[PDB]
């Protein structure tokens, strides 16, 4: 049963959100997620990359903040300001995966820190990705908060920036409802895509609010 969802990041409510803590995604993600790199202050969600704890398997600690609940077709909106640095990604995306008994379906707004005048849109449907599209913003997303969105329908996904649609994709669209997830992370083995990360300290992607409306 999907219903309006609104989140202002005023307070952490463990029934609604989950601070990812003590696992990483592996592969190209060169960090473990730490609940301590999530901060809610003055109504802004701050997700940071820092140096990880001494006994971590990775050099860096990221943050990922994720809804308890899952969401279906409709309009997903974020008001956010990604981080700028080579070799990192600041994200708003939906995700479900084999662990939850479904195919890996996911829809992505990724800000490649190497160049925050661009956004990357992408989606995975039954694990099949390779739908990358880089949209030129003609502003620097790292300097101010802006509103990014996708409207996910059975037959397409539309992405939008500051209220206007800028890209639509038709091919093999995701099916299974997913959690909303926000993250920031440094990459490894992907110098071509992200640039090399340079260990620059205390990068923060900030998020003013998120909304979902079943339409």
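Positions refer to the first chain, counted from 1.
Just going by the entry, 163 to 171 versus 179 to 187 on mean CA temperature factor gives the higher value to 163 to 171. For the pair 196 to 204 and 15 to 23, the mean B factor over Cα atoms is greater in 196 to 204. Within the selection 67, 151, 55, 155, the deposited Cα B-factor values reach their highest point at 155. In the PDB entry, residue 211 places in the middle third of its chain by CA B-factor. In the deposited entry, the Cα temperature factor of residue 123 sits in the bottom third of values across the chain's modelled residues. Annotation for residue 88: CA B-factor lies in the middle third of the chain's modelled residues. Ranked against the other modelled residues of its chain, the C-alpha B-factor of residue 82 as given in the entry falls in the lowest third. Split the chain's modelled residues into thirds by C-alpha temperature factor. Residue 38 is in the middle one.
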